[PDB]
Amino acid sequence: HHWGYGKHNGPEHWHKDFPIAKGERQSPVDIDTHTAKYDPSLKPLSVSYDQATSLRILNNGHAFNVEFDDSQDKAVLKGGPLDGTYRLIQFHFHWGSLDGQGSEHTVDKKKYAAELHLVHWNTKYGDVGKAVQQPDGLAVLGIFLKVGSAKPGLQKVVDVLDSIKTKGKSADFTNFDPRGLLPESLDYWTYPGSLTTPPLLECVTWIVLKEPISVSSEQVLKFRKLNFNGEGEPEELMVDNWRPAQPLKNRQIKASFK
Ligand SMILES: NS(=O)(=O)c1ccc(C(=O)NCc2c(F)c(F)c(F)c(F)c2F)cc1
Ligand SMILES: NS(=O)(=O)c1ccc(C(=O)NCc2c(F)c(F)c(F)c(F)c2F)cc1
Ligand SMILES: [Hg+2]
Ligand SMILES: [Zn+2]
């Protein structure tokens with residue numbers, strides 16, 4: 001049936017319907033800090049989210065997405081290893097059933113509690129649909145979450161979760177500022193990859209921040225109370241919606257810092 005994260009439709013089965021799963025630039029990958037190359041020509045990231053307009057939060061059966069109005073250059077990402085302007089379209093998380101797992105990318109094999117993905121698309125392509133067909137169509141900003149102190153900025157997200165408990169449910173989610181989810185440093189690693197969920201298209205430039213943000217145990221606990229199923233179906237807790245690290249193959253991970 002449809003793909004998921006369970007025994008019978010999880011990541012190890014994806015290749016049957018999405019051959020690209022065994023591709024050359026699949027994500028996520030493990031970031032080996034001792035072999036990542038410092039590239040002094042990498043420009044600083046330019047995150048301009050002051051004009052971001054969030055619209056809705058949705059449980060899509062795989063995770064929960066917070067959607068933004070991307071009809072204009074309101075919230076953009078430029079700089080870094082990017083050429084062109086990329087508009088923020090949505091953000092979501094991947095998390096685990098336990099604090100020791102949840103992230104998709106790993107650093108020196110270390111797994112974090114969760115991983116935030118801020119998804120952006122290259123404006124030169126006109127729409128997201130066209131951007132996914134290009135090798136540089138998307139830019140995903142990845143931020144690791146570790147359990148510790150509460151992140152004030154994440155609480156509005158946490159509080160609205162009860163409203164979108166099951167697949168298909170959505171709630172109005174305006175005036176959310178994504179700047180409240182960024183760590184203080186924007187140092188990062190970058191490599192060419194893919195979407196980590198089917199269709200697994202290899203159109204992503206990954207920008208993974210070195211500094212994780214901390215969230216309280218109570219905050220991540222609420223992520224774990226969401227459901228993969230729709231209303232009236234057998235309850236399956238939405239946990240461990242992450243894909244294991246893929247082989248790096250002929251790729252090099254660059255670092256913006258020494
Ligand atoms: N401007 S808006 O009306 O608020 C709007 C909000 C969300 C989406 C969406 O989530 N589609 C998913 C989606 C992506 F988020 C991608 F990044 C992508 F590449 C896709 F192909 C895709 F279908 C589209 C438009
Ligand atoms: N975790 S992550 O790598 O940052 C990631 C970000 C966005 C998307 C996404 O927009 N997929 C929706 C989507 C569809 F639902 C389609 F049906 C389709 F054809 C797409 F191209 C598409 F992007 C998937 C994974
Ligand atoms: Hg592509
Ligand atoms: Zn993701």
# chains A, B, ... in the order shown; residues from 1 in each chain; ligands from 1
>>> residues_around(residues="residue A:227", least_positions_apart="6", cutoff="10 Å", atoms="only C-alpha atoms", output="MDAnalysis selection string")
chainID A and resid 59:63 164:167 233:239
>>> write_last_selection(atoms="C-alpha atoms", output="mmCIF file, in the first residue's frame")
data_model
loop_
_atom_site.group_PDB
_atom_site.id
_atom_site.type_symbol
_atom_site.label_atom_id
_atom_site.label_comp_id
_atom_site.auth_asym_id
_atom_site.auth_seq_id
_atom_site.Cartn_x
_atom_site.Cartn_y
_atom_site.Cartn_z
ATOM 1 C CA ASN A 59 -1.050 16.629 9.602
ATOM 2 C CA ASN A 60 -0.324 14.823 6.305
ATOM 3 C CA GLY A 61 0.026 11.305 7.711
ATOM 4 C CA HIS A 62 3.849 11.413 7.681
ATOM 5 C CA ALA A 63 4.612 14.511 9.760
ATOM 6 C CA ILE A 164 -4.376 18.196 14.107
ATOM 7 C CA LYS A 165 -4.045 14.849 15.841
ATOM 8 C CA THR A 166 -4.934 12.705 12.844
ATOM 9 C CA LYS A 167 -4.137 12.484 9.128
ATOM 10 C CA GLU A 233 -8.780 4.189 12.009
ATOM 11 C CA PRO A 234 -6.569 2.091 14.340
ATOM 12 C CA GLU A 235 -4.323 4.429 16.324
ATOM 13 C CA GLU A 236 -0.639 4.371 15.318
ATOM 14 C CA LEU A 237 1.501 6.936 17.131
ATOM 15 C CA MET A 238 3.489 9.168 14.767
ATOM 16 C CA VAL A 239 7.015 8.385 15.946
#
>>> residues_near_ligand(ligand="ligand 4", cutoff="7 Å", atoms="only C-alpha atoms and all ligand atoms", output="list in words")
residues 92, 93, 94, 116, 117 and 196 of chain A
>>> residues_near_ligand(ligand="ligand 2", cutoff="8 Å", atoms="only C-alpha atoms and all ligand atoms", output="ChimeraX atom specification")
/A:27,90-94,117-119,128-129,132,140,142,194-201,204
>>> write_last_selection(atoms="N, CA, C and O atoms", output="mmCIF file, in the first residue's frame")
data_model
loop_
_atom_site.group_PDB
_atom_site.id
_atom_site.type_symbol
_atom_site.label_atom_id
_atom_site.label_comp_id
_atom_site.auth_asym_id
_atom_site.auth_seq_id
_atom_site.Cartn_x
_atom_site.Cartn_y
_atom_site.Cartn_z
ATOM 1 N N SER A 27 19.502 11.308 0.402
ATOM 2 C CA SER A 27 19.659 11.875 1.727
ATOM 3 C C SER A 27 18.756 11.087 2.657
ATOM 4 O O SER A 27 17.792 10.473 2.203
ATOM 5 N N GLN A 90 7.441 25.609 3.328
ATOM 6 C CA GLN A 90 6.955 24.892 4.508
ATOM 7 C C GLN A 90 8.077 24.377 5.403
ATOM 8 O O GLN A 90 9.237 24.336 4.990
ATOM 9 N N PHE A 91 7.742 24.093 6.660
ATOM 10 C CA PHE A 91 8.695 23.460 7.563
ATOM 11 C C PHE A 91 7.989 22.291 8.267
ATOM 12 O O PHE A 91 6.749 22.274 8.374
ATOM 13 N N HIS A 92 8.775 21.273 8.643
ATOM 14 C CA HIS A 92 8.282 20.077 9.330
ATOM 15 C C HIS A 92 9.436 19.498 10.138
ATOM 16 O O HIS A 92 10.575 19.966 10.034
ATOM 17 N N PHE A 93 9.147 18.455 10.911
ATOM 18 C CA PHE A 93 10.144 17.808 11.758
ATOM 19 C C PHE A 93 10.099 16.314 11.530
ATOM 20 O O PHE A 93 9.133 15.778 11.003
ATOM 21 N N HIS A 94 11.149 15.652 11.990
ATOM 22 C CA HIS A 94 11.272 14.204 11.957
ATOM 23 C C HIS A 94 11.693 13.965 13.403
ATOM 24 O O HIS A 94 12.517 14.719 13.930
ATOM 25 N N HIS A 117 13.243 20.670 9.235
ATOM 26 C CA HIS A 117 13.551 20.944 7.839
ATOM 27 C C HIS A 117 12.732 22.144 7.365
ATOM 28 O O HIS A 117 11.492 22.122 7.439
ATOM 29 N N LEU A 118 13.432 23.221 7.010
ATOM 30 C CA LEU A 118 12.818 24.436 6.468
ATOM 31 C C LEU A 118 13.040 24.303 4.956
ATOM 32 O O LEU A 118 14.179 24.368 4.465
ATOM 33 N N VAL A 119 11.951 24.045 4.241
ATOM 34 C CA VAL A 119 11.990 23.774 2.813
ATOM 35 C C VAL A 119 11.808 25.021 1.959
ATOM 36 O O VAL A 119 10.836 25.766 2.148
ATOM 37 N N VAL A 128 6.967 25.437 -7.341
ATOM 38 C CA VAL A 128 7.613 24.301 -6.693
ATOM 39 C C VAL A 128 7.611 23.064 -7.551
ATOM 40 O O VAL A 128 8.582 22.315 -7.551
ATOM 41 N N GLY A 129 6.513 22.844 -8.268
ATOM 42 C CA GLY A 129 6.402 21.690 -9.147
ATOM 43 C C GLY A 129 7.518 21.632 -10.184
ATOM 44 O O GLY A 129 8.044 20.557 -10.458
ATOM 45 N N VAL A 132 11.215 20.950 -8.450
ATOM 46 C CA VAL A 132 11.588 19.576 -8.090
ATOM 47 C C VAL A 132 12.182 18.781 -9.246
ATOM 48 O O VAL A 132 12.784 17.730 -9.031
ATOM 49 N N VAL A 140 17.070 22.870 1.531
ATOM 50 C CA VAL A 140 16.458 22.556 2.824
ATOM 51 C C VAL A 140 17.462 22.880 3.919
ATOM 52 O O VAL A 140 18.614 22.447 3.859
ATOM 53 N N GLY A 142 18.499 22.345 7.529
ATOM 54 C CA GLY A 142 18.299 21.329 8.549
ATOM 55 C C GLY A 142 18.859 21.780 9.880
ATOM 56 O O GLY A 142 20.004 22.215 9.949
ATOM 57 N N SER A 194 18.845 14.764 -1.751
ATOM 58 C CA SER A 194 17.490 14.506 -2.217
ATOM 59 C C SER A 194 16.446 14.742 -1.125
ATOM 60 O O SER A 194 16.786 15.067 0.010
ATOM 61 N N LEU A 195 15.176 14.590 -1.488
ATOM 62 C CA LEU A 195 14.090 14.681 -0.522
ATOM 63 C C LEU A 195 14.305 13.386 0.269
ATOM 64 O O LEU A 195 14.758 12.384 -0.312
ATOM 65 N N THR A 196 13.999 13.381 1.566
ATOM 66 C CA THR A 196 14.196 12.167 2.349
ATOM 67 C C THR A 196 12.937 11.304 2.409
ATOM 68 O O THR A 196 12.902 10.293 3.116
ATOM 69 N N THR A 197 11.885 11.721 1.711
ATOM 70 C CA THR A 197 10.667 10.924 1.663
ATOM 71 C C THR A 197 10.298 10.777 0.194
ATOM 72 O O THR A 197 10.802 11.520 -0.657
ATOM 73 N N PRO A 198 9.529 9.724 -0.144
ATOM 74 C CA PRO A 198 9.119 9.529 -1.535
ATOM 75 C C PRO A 198 8.458 10.840 -1.966
ATOM 76 O O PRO A 198 7.772 11.480 -1.159
ATOM 77 N N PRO A 199 8.604 11.229 -3.244
ATOM 78 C CA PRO A 199 9.323 10.562 -4.340
ATOM 79 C C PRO A 199 10.866 10.498 -4.326
ATOM 80 O O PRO A 199 11.453 9.999 -5.286
ATOM 81 N N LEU A 200 11.507 11.009 -3.267
ATOM 82 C CA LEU A 200 12.978 10.957 -3.117
ATOM 83 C C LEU A 200 13.766 11.622 -4.262
ATOM 84 O O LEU A 200 14.876 11.194 -4.608
ATOM 85 N N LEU A 201 13.215 12.703 -4.803
ATOM 86 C CA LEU A 201 13.831 13.409 -5.925
ATOM 87 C C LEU A 201 15.178 14.026 -5.541
ATOM 88 O O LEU A 201 15.326 14.596 -4.466
ATOM 89 N N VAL A 204 17.820 18.524 -4.163
ATOM 90 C CA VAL A 204 18.091 19.320 -2.981
ATOM 91 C C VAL A 204 19.520 19.679 -2.617
ATOM 92 O O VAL A 204 20.412 18.830 -2.629
#
>>> residues_around(residues="stretch 121-125 of chain A", least_positions_apart="5", cutoff="7 Å", atoms="only C-alpha atoms", output="ChimeraX atom specification")
/A:84-88,130-131,137-139
>>> write_last_selection(atoms="C-alpha atoms", output="CSV table (one decimal), in the first residue's frame")
chain,number,residue,atom,x,y,z
A,84,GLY,CA,19.6,32.6,-6.6
A,85,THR,CA,16.7,33.3,-4.2
A,86,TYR,CA,14.8,30.4,-2.6
A,87,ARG,CA,11.4,31.0,-1.0
A,88,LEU,CA,10.3,29.2,2.2
A,130,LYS,CA,9.0,22.8,-11.7
A,131,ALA,CA,11.7,23.3,-9.1
A,137,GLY,CA,15.5,23.3,-7.3
A,138,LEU,CA,15.3,23.0,-3.6
A,139,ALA,CA,17.3,24.1,-0.5
>>> residues_around(residues="stretch 72-77 of chain A", least_positions_apart="3", cutoff="8 Å", atoms="only C-alpha atoms", output="MDAnalysis selection string")
chainID A and resid 45:53 69 85:88 120
>>> atom_distance(atom1="atom CA of residue A:205", atom2="atom CA of residue A:191")
6.1 Å
>>> closest_residue(among="A:225, A:251, A:15, A:78", to="residue A:3", atoms="only C-alpha atoms")
A:15
>>> residues_around(residues="stretch 210-221 of chain A", least_positions_apart="3", cutoff="10 Å", atoms="only C-alpha atoms", output="PyMOL selection string")
chain A and resi 95-99+107+112-116+142-155+157-159+181-189+207+224-226+255-257
>>> closest_atom_pairs(of="chain A", to="ligand 3", cutoff="6 Å", atoms="only C-alpha atoms and all ligand atoms", output="Markdown table")
| residue | atom | partner | partner_atom_place_in_ligand_line | distance |
| --- | --- | --- | --- | --- |
| A:132 | CA | ligand 3 | 1 (Hg) | 4.9 |
| A:133 | CA | ligand 3 | 1 (Hg) | 3.9 |
| A:134 | CA | ligand 3 | 1 (Hg) | 3.8 |
| A:135 | CA | ligand 3 | 1 (Hg) | 4.3 |
| A:201 | CA | ligand 3 | 1 (Hg) | 5.6 |
| A:202 | CA | ligand 3 | 1 (Hg) | 4.8 |
| A:203 | CA | ligand 3 | 1 (Hg) | 3.6 |
>>> closest_residue(among="A:162, A:240, A:231, A:127", to="ligand 1", atoms="only C-alpha atoms and all ligand atoms")
A:127
>>> select_by_dssp(residues="stretch 86-219 of chain A", states="helix (DSSP H, G or I)", output="ChimeraX atom specification")
/A:123-125,128-131,152-164,178-181,217-219
>>> write_last_selection(atoms="C-alpha atoms", output="PDB file, in the first residue's frame")
ATOM      1  CA  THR A 123      12.392  31.188  -7.612  1.00  0.00           C
ATOM      2  CA  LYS A 124      13.948  31.034 -11.077  1.00  0.00           C
ATOM      3  CA  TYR A 125      11.717  28.010 -11.735  1.00  0.00           C
ATOM      4  CA  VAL A 128       7.613  24.301  -6.693  1.00  0.00           C
ATOM      5  CA  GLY A 129       6.402  21.690  -9.147  1.00  0.00           C
ATOM      6  CA  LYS A 130       8.972  22.814 -11.734  1.00  0.00           C
ATOM      7  CA  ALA A 131      11.717  23.262  -9.131  1.00  0.00           C
ATOM      8  CA  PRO A 152       9.951  29.458  23.699  1.00  0.00           C
ATOM      9  CA  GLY A 153       9.554  29.881  19.941  1.00  0.00           C
ATOM     10  CA  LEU A 154       8.424  26.283  19.445  1.00  0.00           C
ATOM     11  CA  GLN A 155       5.588  26.421  21.988  1.00  0.00           C
ATOM     12  CA  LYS A 156       2.914  27.871  19.649  1.00  0.00           C
ATOM     13  CA  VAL A 157       3.545  24.870  17.386  1.00  0.00           C
ATOM     14  CA  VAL A 158       3.344  22.490  20.336  1.00  0.00           C
ATOM     15  CA  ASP A 159       0.054  23.934  21.616  1.00  0.00           C
ATOM     16  CA  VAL A 160      -1.792  23.612  18.323  1.00  0.00           C
ATOM     17  CA  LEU A 161      -0.963  19.886  17.881  1.00  0.00           C
ATOM     18  CA  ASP A 162      -4.099  18.631  19.666  1.00  0.00           C
ATOM     19  CA  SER A 163      -6.122  20.192  16.848  1.00  0.00           C
ATOM     20  CA  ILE A 164      -4.376  18.196  14.107  1.00  0.00           C
ATOM     21  CA  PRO A 178      10.114  31.026  12.061  1.00  0.00           C
ATOM     22  CA  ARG A 179      13.025  33.128  13.343  1.00  0.00           C
ATOM     23  CA  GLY A 180      12.234  31.770  16.785  1.00  0.00           C
ATOM     24  CA  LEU A 181      13.492  28.340  15.674  1.00  0.00           C
ATOM     25  CA  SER A 217      11.179  16.819  27.102  1.00  0.00           C
ATOM     26  CA  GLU A 218       7.569  18.031  27.419  1.00  0.00           C
ATOM     27  CA  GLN A 219       7.794  19.745  24.019  1.00  0.00           C
TER      28      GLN A 219
END
>>> closest_residue(among="A:33, A:246, A:71, A:170", to="residue A:190", atoms="only C-alpha atoms")
A:33
>>> residues_around(residues="stretch 37-43 of chain A", least_positions_apart="6", cutoff="8 Å", atoms="only C-alpha atoms", output="list in words")
residues 79, 80, 81, 252, 253, 254, 255, 256, 257 and 258 of chain A
>>> atom_distance(atom1="atom 1 (N, counted along the ligand's line) of ligand 1", atom2="atom CA of residue A:54")
9.4 Å
